[PDB]
4 protein chains.
Amino acid sequence: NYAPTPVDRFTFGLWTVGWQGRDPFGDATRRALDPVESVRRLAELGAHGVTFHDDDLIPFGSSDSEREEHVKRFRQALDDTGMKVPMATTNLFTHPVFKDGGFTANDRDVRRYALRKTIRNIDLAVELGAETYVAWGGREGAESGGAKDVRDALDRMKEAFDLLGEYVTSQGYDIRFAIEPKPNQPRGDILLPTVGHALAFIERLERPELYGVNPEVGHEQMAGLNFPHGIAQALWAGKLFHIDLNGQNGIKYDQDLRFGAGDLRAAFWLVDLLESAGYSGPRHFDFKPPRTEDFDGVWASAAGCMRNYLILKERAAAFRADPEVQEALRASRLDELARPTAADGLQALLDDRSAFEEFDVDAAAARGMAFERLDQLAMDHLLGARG
Amino acid sequence: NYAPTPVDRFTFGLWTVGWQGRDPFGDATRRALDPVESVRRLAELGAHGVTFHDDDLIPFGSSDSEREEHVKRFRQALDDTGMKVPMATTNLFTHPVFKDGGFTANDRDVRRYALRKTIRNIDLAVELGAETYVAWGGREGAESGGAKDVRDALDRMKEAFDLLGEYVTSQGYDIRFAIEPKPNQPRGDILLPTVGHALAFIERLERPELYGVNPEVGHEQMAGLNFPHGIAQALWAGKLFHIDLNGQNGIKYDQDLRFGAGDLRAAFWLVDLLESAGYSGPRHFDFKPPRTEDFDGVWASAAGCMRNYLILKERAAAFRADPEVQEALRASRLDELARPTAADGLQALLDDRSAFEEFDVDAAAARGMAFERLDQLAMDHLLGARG
Amino acid sequence: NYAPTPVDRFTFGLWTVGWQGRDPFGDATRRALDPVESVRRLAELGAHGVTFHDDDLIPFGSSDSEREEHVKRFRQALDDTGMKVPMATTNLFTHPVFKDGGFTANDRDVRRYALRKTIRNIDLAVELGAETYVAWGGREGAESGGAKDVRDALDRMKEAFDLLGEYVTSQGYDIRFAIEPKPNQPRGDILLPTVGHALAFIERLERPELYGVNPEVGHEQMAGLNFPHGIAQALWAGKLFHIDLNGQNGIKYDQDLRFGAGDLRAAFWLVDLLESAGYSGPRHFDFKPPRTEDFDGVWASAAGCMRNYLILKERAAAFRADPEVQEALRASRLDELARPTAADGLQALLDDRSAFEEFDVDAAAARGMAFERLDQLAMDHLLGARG
Amino acid sequence: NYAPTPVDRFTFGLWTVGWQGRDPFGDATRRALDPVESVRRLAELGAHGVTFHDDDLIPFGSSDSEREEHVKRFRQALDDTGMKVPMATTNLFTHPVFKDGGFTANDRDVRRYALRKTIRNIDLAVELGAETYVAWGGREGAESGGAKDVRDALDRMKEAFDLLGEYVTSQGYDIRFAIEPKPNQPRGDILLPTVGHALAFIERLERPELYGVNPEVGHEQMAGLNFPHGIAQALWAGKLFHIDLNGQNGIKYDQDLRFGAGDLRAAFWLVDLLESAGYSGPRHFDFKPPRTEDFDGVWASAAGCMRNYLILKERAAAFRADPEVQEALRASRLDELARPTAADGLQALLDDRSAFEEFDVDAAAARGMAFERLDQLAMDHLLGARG
Ligand SMILES: [Mg+2]
Ligand SMILES: [Mg+2]
Ligand SMILES: [Mg+2]
Ligand SMILES: [Mg+2]
Ligand SMILES: [Mn+2]
Ligand SMILES: [Mn+2]
Ligand SMILES: [Mn+2]
Ligand SMILES: [Mn+2]
Ligand SMILES: [Mn+2]
Ligand SMILES: [Mn+2]
Ligand SMILES: [Mn+2]
Ligand SMILES: [Mn+2]
Ligand code: NA
Ligand code: NA
Ligand code: NA
Ligand code: NA
Ligand code: NA
Ligand code: NA
Ligand code: NA
Ligand code: NA
C-alpha cells in the first residue's frame, strides 16, 4: 500500500541520502555514496528524480576532463533508470572562501567568484533539463551587529540575482530561480530569514517574474512559524516554484528529519494545501537519514518520506470529500470567507446601515465558530478513526 | 543627563501607561487612567506625543454627544501640553465580535463592520493631525488548520486594505497606513506574521505607495528573528513608516517590556541603525509597565523607555565616530560591502579571469574577517568601557 | 467508537470548560458556567471527575453561609452523577494581592496569607475526597533581575511546602502534594520552570515522600522540551502523582489546546509511556476551548480530549503488540538498553579486555541502529496505515 | 583597564580557541593548534588555566609512547607558563562508535567501553591536578520515540555514574564530578536537558556528595530558560561545582559566542550572582571564536571573554554598593524576602488573625513593588550612565 511511482514526482537531493553523518560534534558515520548508486537505489524505491549542488556531482577543483567523466556517469545512471533532474543549485557555503557569504561576502572578489561559480552550474543544470535553480544563501548573514550592513548586503544580493536574471535571459534559457529562506544556522542570523522576507525581496528585483521561493518545512519551523500558512502566502503570490519537504521539532538546529516526522499535523495540512491548490512541482525531500543509521536505514528513511506523503494525501482527500466535513466547513463559514467583503463597492459599504448603525454586534458575537468540531473531524480523518 | 525633550519625537500609546494590568491569569492591579492624566504626565516626562486606538479614547458604544465630549477633553489636554498625535489605530481585537478576526473574519457581516469602524476612526485621526494609521490584525489567524483558508483570508485582507486606500484617496487625506506584524498571540498563528510577510503583502495592494510597516521589537523576537535586520529590510524597501519600541526576552508571550529591557544589544544595534539611516518618524513605545507597579512605577517605566533610547543613541554615535572603530570597519571590509559587485557589467564579469580561473580561493579563504575585534569595540562603546 | 467511560479516569478542571474566553487582548466570549452544569455535562460525556481551585467553587470573599451553599450544591451534582473529585488546588495567582507571588512574594504578610488560603482549601479538598493537592506557582518569579533573589525565594518556597507537609501530617490526612512547573507566563520567568527543577527541589524538602510533580504537556513544550522524556524521569523518580494533558504548538504563550492537538506524535509517545508504565492516576485535562467557540464547541472540545487519548491508546497498544515491532525493537537493541552495563562489578569491568584493549570500535561503529525502520512502524501504527 | 590576571581564575578549554571552524555546512577555516601553543598564548592574555577532553590532548588511538610524549610536552608548557588544569572531561561524542551514546548507548559493549575510556582519563586528570571531572552526555538521547526507553537509559546513566564514584573512592582521589546539561544538539533531545533535571538525577546516585553540575550559559538559553535563576538553584543545592561561560542568542543551535555576547543583561545578572555568592570555582569559557576569524581574531575573542567578565564584575559591584540601590532594594522588600515566613511555627500561623481574617488584601494589593525603578538603576549601572 502507499507505493510511490514516478508519477508522484518525488525527488531527492544527492546530499540527502548521501549525507555521511558529520555533525557539529561528530565524525562521519557512513562512507560517501557514488551519485550513480543513489540514482539507482532511489529509482528502485519509486522516486522520480534527483537534484544536486555543483559540488555534489563534481568534486570541487576538478579538471575539465574529470568534470566530463563525472557528468557522463551520472547521465548514464539517469538514462538507465528514467530518473529526472528537475532542480539544481550551487554550493556557496562549504568551502572556507564562503565563510562570510557568497553573493553578500564583504570581500568583493568573493562576490564575483560566487557569481561565476553559480553561472557555470546554471549551464550544467540546463543541459541536464532542470526547470528550477535554487539558491540557499546559508552563509549570507552575521554573528555580530557591526559585521554586516544589511541594507548594503541587500543591495549586493539584488545585484547578484539581477545579474543571474540577465544571464539566463541572454542565453534564452527557460530556467527560473527559487530562493530558499532560513532564519539562522550556520550564520547567527541569515539574510532573507523567512518566506515573507524572500517574497518581499523578489518584488524589488529587475525581472521579478524569473524568481520564486523554495520554502523548506523545517526552516520556517526554526522561527516557530506555520509552514502551511507560509506556503499559502507563496501560492497566493504565484511564487511557489519548488518546495523542500522534511520534518523538524520546533525551534532547534535544522534537523532535516524525514517528511512526516516532526510536526505531523502540520505535514497533514501542508499536503492538503498542496493537493487542493494543484501544486504541480516536484515533491522534493531535503532530509538527512540520522547518523545512527547504516545504508539500509538510509533507504528506509527515504522510503518513509514518500510513504508519509502518500498516507497524508489519502487522509486529506478523504477529509475534503466527506459530506460531514463539507457540512462542518459551511457551519464554520469557510464558504463566506471565500466571498468578497464588498463587491458592492466602497460607497455602497459606507451607505449600508447593516454594516454599522444596524449591525447587532452582540448577536454576531454570540455565534460560535464550530472550529473544534471541524478540527476533530480533521483529526479523525488523519488517524483513520472515523466512527 | 539623558533628559528627553519633545525634539526627540518620543511617543506613547494611551494603552501603554494606561494598561490596568489584566493578564491571562490575573485581574487588573491599577485603576483606569483618564487620557487627560496620561497626556499631562507624559508631557512632564518630556514625551512629544501620544497615540490611540478608537476605543482607548472613546468608550465602545458611546453616543455622538459622549464621543464629542471625550474628544474635546483630550484636545484640551493636547493644547495645554503641546503634545501631538502622530498615529492612531483601530481596536479590532478586544470586543467578542472580533473573535475570529476583523478584516478576515469568516463572517462577511463582521468584515464589513470592521471596515466601517476603521473608516470612522481614520476620519478622527486626520482631524487630530495623525500622519500614520496603524493596523495590527491581532485576531487575523487561527488555532486549527481547517478554520482559515489562508489564500482566501489574504484575498479578504487585500480587499479591505484596498478599500481603505480608496477611501483616503477619495477624501484627499495625506495619511498613510502601517501594517504591524506579529507571529502569534492571541491567535495560535497570526496572518502576516513578520516584517517580511507584511512587506510582501503590501506589494500586491492596488496602491502600494500608501502602505508601509509598523514593526515592533518584541514581535519579531517572538519568532526569534533579528529585529535590526528586519528594520534594515524595511528601510531598504522604503517602508519604515512607524516603529514600536519595547523589550522582549526571546520566544515567549508578548511581554512589552520597557525599551532597553530584553535584548539590550539588539536595542543598541537598532538605535544605531535608526540614527545612521536618518529615520525621521516617531520613536513610539508600545510597552506595558508590569502589573507589579503602582502609578509611580508606571511613570518610572515610561521615563526609562526614553532614557534608554538616549543612552544607546549616545553610545552608538560614539562608536561610529571613533577613529579606531572606523579603522576596524575598514579592516572588516564594510567599505567593500557597500561597493557594487560588478558595475563593469555581466559580460565583463564573465570575461574576468580574476573572478574564476585566476582567483586564488585558498589565499582569499585565509583572510580573517576581524569581526570579533570590531564587536568588542562595539561592546566597549555600549558599556562605556573604552580603555 | 472510542467512547470514554468513568473507568478511564478522565477528569477536567472546572476552569477548563468553564473558561469564559478572556485573553491578553480580548473580553470574555462566553458566560460563566455554574459548576453544577459543568459536572452534569462532563458526566454525560463519560468523564470520571472534576477538579477545582478554591475560587472556582467558592467566589473569593464569600461568607461562611455562602461557602456552605456553594459546596452543598456541588456535592449534590457529584452525587447525582457519580463524578469524583480526585484533585484540588489553590488560586494563588488571580487576585492582585498575589501580583509578586504567593509563597515567594517579597512581602511577608502576603506569604503568610497565601499559606492560610491554601490550608483552608486543603481541608475542603480532603472533605471532597481528593488524593492530590496541586500547587501551580504561576506568580512565583520575576520580570527583572533585581526584583527576586532566587536563593531567598527557594528558601521561602521550601518553608511554605514544609509547613504544608507539617499541616497534613498533624491532621492525619492521606493527601499528597504535586508541584506543577511552568517556565514563564504570567511572570517573565517562573521559579521551578521544568519537571527537573521541581523534582530537584522536592528532594530538599523535610518530608520528600509527601511531594511529587503535576507536569503539564504544554508547559514543558514552552521550553521546547520533550514531554514524554520528562514524564519518564518523573516515573523513574517515583514522583508522577498527577498529570495535566493538553496540546501546545511549541515555544509560545500557554495555549491549552485540547489533548491530541499541538504535537500529535508527542501525544502518542506520552500515551504509550503512561500505559506501558501502568500509571494509575487521573488522566486530567487542563485545557481551554478556544474563545471562538460557543457552548456546543466547549463540549465538543472536551469530548475530543478523551477521544484522542483513547485513539492513541489503541494505536500505541497495537504498536507494542505487533510481532514485527517487537522484532524491530530487538534489532535496535532496546532489550540490551534494559540490561545492566556491569552487573559483574567495577573490578571485573576494569579487568575485561573486551571492554577496552580488544574492543573493535570500528566494527561496533559500523552497526546501524535501525531506528528509522522502527520509527516508520510507529508512524504506520499511529496512522492506521500498516501494509 | 580590565586586565585579567591569573588571580581571576579564568580558564579555557583546549577545544575552544582550538576549534578549527567545521560546522554542519562548512569545512575547517583554521589549522589545528598544538596545545602547547594554546597554553602559551592564553597565558599571555592573563588566563589562569586550561581544560581538556582526553582526545584534545592525546589523539584518539595513540600508542602508550605517543600518549606519554603528548602529556610531557603539555606539562612542560604548563610549567613554562604557570597555567593550571582544574578540570578535565572525556570525549564520548565525536567518534562514530558513540553515535547512540556512551553511558546510555543501547549496545552494552559500547557502554562498557565508554566507562573504560572515562576511567583512563580520570587517572590522567588527577595526575594533572584537576579538581573536577565534567561529563557532557551529548550523544545520550534520541531523534525518535521508540529508539530510547528513557527509564532504562536513566538506569544505565545512574549505573555508570555510580561505578565512576566507586572508582574514585577506591583510588582515594579527591576529584568530584560535574554533569553538564544540554537540551538538544547533536541528539534531537538529550537526556538530563537542564540544570534541574541534572540536579534531580544526582539526588538518586549512591554517593550524591561526589556529583554536582557544570551549567553552560548557552545550553540553558537553548530552552529559553533564565540562566541566573538556574545557577541560583544550583547554588541553593550546594551543587555549583564548575561553570561554562559563553553567549547565546536564544533558542537556536549552540552558538558558543564569547562571554558577554548574546544576552548581555543575563551576563550581568550572572556575574552579580557569582560574585555575591562567593563562587570560588574556575570562570571557565566554553566558547568558539567564529569561523570567520583568523588566529588574531581567536585571541581577540578569548581576551574579550575575560574583559567582559571584568567589566560586568565592576558594574555589578557598583550596583550593589550604591546607597541609592540599597534604598531601592528595601523599597522593593528584598530584605523581607530573605526573612522567614513563619519562624513562629505552624500553630502560631494558624492562630494569627493578621494572616487571614484581619488581613487587608486590598491595602496589600495597592502597594507597588517599585521593581521598574530598581531595574532602571541596574541598567544605569550596567551602562555606566548614572546621572
Ligand atoms: Mg476556493
Ligand atoms: Mg553607506
Ligand atoms: Mg522494561
Ligand atoms: Mg542574603
Ligand atoms: Mn534544512
Ligand atoms: Mn533545503
Ligand atoms: Mn507587543
Ligand atoms: Mn504595537
Ligand atoms: Mn497551561
Ligand atoms: Mn495545569
Ligand atoms: Mn555549548
Ligand atoms: Mn560546555
Ligand atoms: Na550598497
Ligand atoms: Na505558485
Ligand atoms: Na477568495
Ligand atoms: Na523607510
Ligand atoms: Na533566605
Ligand atoms: Na510515579
Ligand atoms: Na533498566
Ligand atoms: Na555550590
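These numbers come from the heavy atoms of this one structure, side chains and all, not from hydrogens, waters or symmetry mates. Sequence lines set the chain letters: A, B, ... in the order given, protein chains first and strands last, and positions in each chain run from 1.
- At least one side-chain heavy atom of D:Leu383 sits under 4.5 Å from a side-chain heavy atom of B:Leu382.
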Q | side chain to side chain contact (heavy atoms under 4.5 Å, CB included) evaluation trace for B:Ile119 with B:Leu163 | A | CA-CA 10 Å; B:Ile119 288 167; B:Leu163 286 160; over 6 Å; no
Q: In sequence, state the C-alpha distance, the side-chain angles, and the governing distance for B:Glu275 and B:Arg283, and then conclude on salt bridge (charged side-chain N to carboxylate O under 4.0 Å, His left out).
A: CA-CA 11 Å; B:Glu275 297 303 320; B:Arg283 276 65 174 174; 3.0 Å; yes
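- Side-chain contact check for B:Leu273 versus A:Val150: every heavy-atom pair is 4.5 Å or farther apart.
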**Q.** Pair B:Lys148-B:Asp189, salt bridge (charged side-chain N to carboxylate O under 4.0 Å, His left out): steps then yes or no
**A.** CA-CA 11 Å; B:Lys148 196 64 53 170; B:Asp189 292 289; over 6 Å; no
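- Of the residues B:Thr118, B:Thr89, B:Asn121, the one that meets the side chain to side chain donor-acceptor pair (under 3.5 Å) test with B:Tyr133 is B:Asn121.
- The ring of B:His284 has its center closer than 6.0 angstrom to the ring center of B:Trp15.
- In this structure, B:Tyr211 has its ring center no closer than 6.0 Å to that of B:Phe201.
- With rounding to the nearest 0.5 angstrom, the CZ atom of B:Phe161 is 6.5 Å from the CG atom of B:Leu164.
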**Q.** Verdict with reasoning, B:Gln248 to B:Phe227, per side chain to side chain contact (heavy atoms under 4.5 Å, CB included)
**A.** CA-CA 11 Å; B:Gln248 176 69 24; B:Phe227 187 70; over 6 Å; no
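- Residues A:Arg187 and A:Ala142 share a closest heavy-atom pair of NH2-CA, 3.7 Å.
- When all heavy atoms of A:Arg156 and B:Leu337 are compared, the pair lying nearest together is NH1-O, 2.9 Å.
- The CD atom of A:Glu159 sits 11.0 Å away from atom CZ of A:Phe103, with the distance rounded to the nearest 0.5 Å.
- Checking each of B:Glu216, B:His219, B:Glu220 against B:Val195 for a side-chain contact (heavy atoms from CB on, under 4.5 Å) leaves exactly one that passes, namely B:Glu220.
- Looking at B:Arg204, its side chain does come within 3.5 Å of a backbone N or O of A:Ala237 through a donor-acceptor pair.
- Remark: of the listed residues B:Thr16, B:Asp286, B:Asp256, B:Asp256 is the sole one forming a side chain to side chain donor-acceptor pair (under 3.5 Å) with B:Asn246.
- With contacts defined as side-chain heavy-atom distances shorter than 4.5 Å, the pair B:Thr51/B:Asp56 does not qualify.
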(Q) Please evaluate residues B:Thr132 and B:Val134 with respect to the criterion side chain to side chain contact (heavy atoms under 4.5 Å, CB included), reporting the C-alpha separation (whole Å), side-chain torsions for both, the decisive distance (0.1 Å), and the verdict. (A) CA-CA 6 Å; B:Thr132 302; B:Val134 161; 4.3 Å; yes
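- The minimum heavy-atom distance between B:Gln221 and B:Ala266, with the atom names listed, is NE2-CB, 3.9 Å.
- Residues meeting the ring pair (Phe, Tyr, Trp, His ring centres under 6.0 Å) test with B:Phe93, sequence neighbours left out: B:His53, B:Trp136.
- Taking all atoms of both residues into account, the shortest heavy-atom contact from B:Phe241 to B:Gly212 is CE2-N, 3.2 Å.
- Side-chain N/O atoms of B:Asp54 and B:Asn91 include no donor and acceptor closer than 3.5 Å.
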Q) Which is it for C:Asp23 and B:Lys99 under the salt bridge (charged side-chain N to carboxylate O under 4.0 Å, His left out) test, yes or no, and what are the steps along the way? A) CA-CA 11 Å; C:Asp23 76 18; B:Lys99 68 196 185 191; over 6 Å; no
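- Applying the 6.0 Å contact sphere to NZ of A:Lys252 captures more than 12 heavy atoms from other residues, nucleotides or ligands.
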Q: Determine, step by step, whether B:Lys239 and A:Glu203 satisfy the salt bridge (charged side-chain N to carboxylate O under 4.0 Å, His left out) criterion, reporting the C-alpha distance in whole Å, the side-chain angles of both residues, the deciding distance to 0.1 Å, and the verdict.
A: CA-CA 13 Å; B:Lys239 295 297 193 181; A:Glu203 295 293 316; over 6 Å; no
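- The aromatic rings of B:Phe259 and B:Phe285 sit tilted, their planes meeting at an angle between 30° and 60°.
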Q) Are B:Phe98 and B:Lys117 close enough, and set up right, to give a side chain to side chain contact (heavy atoms under 4.5 Å, CB included), and what steps lead you there? A) CA-CA 12 Å; B:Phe98 298 126; B:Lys117 190 173 191 288; 4.0 Å; yes
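- No side-chain heavy atom of B:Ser38 sits less than 4.5 Å from a side-chain heavy atom of B:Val50.
- Annotation: side chain of B:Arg320 is in contact with side chain of B:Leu329 (closest heavy-atom distance under 4.5 Å).
- Rounded to the nearest 0.5 angstrom, B:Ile202 CD1 and B:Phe177 CZ are separated by 11.5 Å.
- The backbone N or O of A:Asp254 sits less than 3.5 Å from a side-chain atom of A:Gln185, completing a donor-acceptor pair.
- B:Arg207 has no carboxylate O lying under 4.0 Å from a charged side-chain N of B:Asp162, or vice versa, which leaves the two without a salt bridge.
- In this structure the side chain of B:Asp263 never reaches within 4.5 angstrom of the side chain of B:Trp269, judged on heavy atoms.
- Residues B:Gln233 and B:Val213 are not in side-chain contact: their nearest non-hydrogen atoms beyond the backbone lie 4.5 Å or more apart.
- Among all heavy-atom pairs drawn from B:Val17 and B:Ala302, the shortest one is CG1-CB, 4.0 Å.
- With hydrogens and angles ignored, the 3.5 Å screen pairs no side-chain donor or acceptor of B:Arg151 with any backbone N or O of A:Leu235.
- Heavy atoms from other residues, nucleotides or ligands lying under 6.0 Å from NZ of B:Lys313 number 12 at most.
- Looking at B:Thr90, its side chain never comes within 3.5 Å of a backbone N or O of B:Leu92 through a donor-acceptor pair.
- Considering all non-hydrogen atoms of both residues, A:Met222 and A:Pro183 come closest at CB-CG, 3.7 Å.
- Counting only distance, with no hydrogens or angles, the side chain of B:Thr94 and the backbone of C:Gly26 share no donor-acceptor pair below 3.5 Å.
- Looking only at distances, a side-chain donor or acceptor of B:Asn308 sits under 3.5 Å from a matching main-chain atom of B:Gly304.
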Q: Evaluate the side-chain hydrogen bond (donor to acceptor under 3.5 Å, both in side chains) criterion for residues A:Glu143 and D:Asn249: first the C-alpha distance (whole Å), next the side-chain angles of each, then the deciding distance (0.1 Å), finally the verdict.
A: CA-CA 9 Å; A:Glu143 289 70 65; D:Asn249 291 107; over 6 Å; no
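- Without hydrogens or angle criteria, B:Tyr173 side chain to B:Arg176 main chain gives no donor-acceptor distance under 3.5 Å.
- The shortest side-chain heavy-atom distance between B:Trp19 and B:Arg291 falls under the 4.5 Å cut-off.
- Distance alone, capped at 3.5 Å, places no donor-acceptor pair between the B:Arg258 side chain and the D:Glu372 backbone.
- Taking CD1 of A:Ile190 as the start and CD of A:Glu140 as the end, the distance is 9.0 Å to the nearest 0.5 Å.
- The closest donor-acceptor contact from the side chain of B:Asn214 to the backbone of B:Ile179 lies at 3.5 Å or more, if one exists at all.
- Here the straight-line distance linking atom CG of B:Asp375 with atom CG of D:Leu257 works out to 9.0 Å at 0.5 Å rounding.
- Judged purely by atom type and a 3.5 angstrom limit, B:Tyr309 has no side-chain atom pairing as donor or acceptor with the backbone of B:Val271.
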